[PDB]
Structures are given as structure tokens and as C-alpha cells.
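Engineer: Below is the file my_file_31.cif, with mmCIF, C-alpha atoms.
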```
data_model
#
loop_
_atom_site.group_PDB
_atom_site.id
_atom_site.type_symbol
_atom_site.label_atom_id
_atom_site.label_comp_id
_atom_site.auth_asym_id
_atom_site.auth_seq_id
_atom_site.Cartn_x
_atom_site.Cartn_y
_atom_site.Cartn_z
ATOM 1 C CA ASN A 1 0.000 0.000 0.000
ATOM 2 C CA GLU A 2 1.848 3.008 -1.465
ATOM 3 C CA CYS A 3 -0.720 5.593 -0.183
ATOM 4 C CA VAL A 4 -0.727 4.168 3.407
ATOM 5 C CA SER A 5 3.125 4.330 3.462
ATOM 6 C CA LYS A 6 2.899 8.040 2.423
ATOM 7 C CA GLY A 7 0.257 8.616 5.211
ATOM 8 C CA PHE A 8 -2.636 9.457 2.787
ATOM 9 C CA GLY A 9 -6.270 8.285 3.055
ATOM 10 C CA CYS A 10 -8.745 6.755 0.586
ATOM 11 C CA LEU A 11 -11.726 8.682 -0.914
ATOM 12 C CA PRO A 12 -14.666 7.529 -3.144
ATOM 13 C CA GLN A 13 -14.799 7.879 -6.965
ATOM 14 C CA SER A 14 -17.114 10.977 -6.683
ATOM 15 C CA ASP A 15 -15.496 13.138 -3.921
ATOM 16 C CA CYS A 16 -11.872 13.032 -5.215
ATOM 17 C CA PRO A 17 -11.419 15.498 -8.172
ATOM 18 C CA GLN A 18 -8.953 14.828 -11.049
ATOM 19 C CA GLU A 19 -6.505 17.359 -9.440
ATOM 20 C CA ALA A 20 -6.430 15.626 -5.981
ATOM 21 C CA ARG A 21 -6.140 11.987 -7.244
ATOM 22 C CA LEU A 22 -2.711 10.427 -6.575
ATOM 23 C CA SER A 23 -0.465 8.650 -9.121
ATOM 24 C CA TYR A 24 -0.372 5.425 -6.984
ATOM 25 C CA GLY A 25 -2.160 2.063 -6.503
ATOM 26 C CA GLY A 26 -2.412 2.381 -2.659
ATOM 27 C CA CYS A 27 -6.218 1.660 -2.639
ATOM 28 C CA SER A 28 -8.583 -0.927 -4.272
ATOM 29 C CA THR A 29 -10.272 1.428 -6.845
ATOM 30 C CA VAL A 30 -8.859 5.006 -6.464
ATOM 31 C CA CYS A 31 -6.565 6.829 -3.995
ATOM 32 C CA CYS A 32 -6.731 10.531 -3.029
ATOM 33 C CA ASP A 33 -4.482 12.823 -0.946
ATOM 34 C CA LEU A 34 -5.300 14.626 2.363
ATOM 35 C CA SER A 35 -3.034 17.716 1.848
ATOM 36 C CA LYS A 36 -6.051 20.044 1.155
ATOM 37 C CA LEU A 37 -7.095 19.647 4.848
ATOM 38 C CA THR A 38 -3.610 20.782 6.063
ATOM 39 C CA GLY A 39 -3.527 23.613 3.424
#
```
Show me the file's structure as C-alpha cells.

Structural biologist:
Amino acid sequence: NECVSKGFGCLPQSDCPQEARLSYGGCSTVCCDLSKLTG
């Protein structure tokens, strides 16, 4: 889990925009960052 290593979460296919999606396979359908909450 690439996203879990990097400390990120996992969002649904509707709430994660195409700008916030990560380049990794750290989830089971899509992975999204959490950096918008910190800034």
C-alpha cells in the first residue's frame, strides 16, 4: 500500500477530483491525498 506508506487516506470515486487523485495504486479502486485539509 503506497498511499498508506505516504500517510494518505482513501476517498470515493465521486469526492476526489482529477486534481487531488494520486499517481499510486495504494487503494482498491482510487486513492486521493489529504493535503487540502492541512492547506

Engineer: Between CA of residue 24 (chain A) and CA of residue 37 (chain A), what distance in Å does the model show, to one decimal?

Structural biologist: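 These two atoms are separated by 19.7 Å.
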
Engineer: Report as a list in words all protein, DNA and RNA residues lying within 10 Å of residue 30 (chain A), evaluated on all atoms listed in the file, omitting residues in the same chain fewer than 5 positions from it.

Structural biologist: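 Residues near the query, excluding close chain neighbours: residues 10, 11, 12, 13, 16, 21, 22, 23, 24 and 25 of chain A.
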
Engineer: Can you tell me how far CA of residue 19 (chain A) sits from CA of residue 39 (chain A), in Å to one decimal?

Structural biologist: 14.6 Å

Engineer: CA of residue 35 (chain A) to CA of residue 2 (chain A): how many Å, to one decimal?

Structural biologist: 15.8 Å

Engineer: What do you get, as a list in words, if you spell out every residue that the PyMOL selection byres ((chain A and resi 8) around 9) selects here?

Structural biologist: residues 2, 3, 4, 5, 6, 7, 9, 10, 26, 31, 32, 33, 34 and 35 of chain A
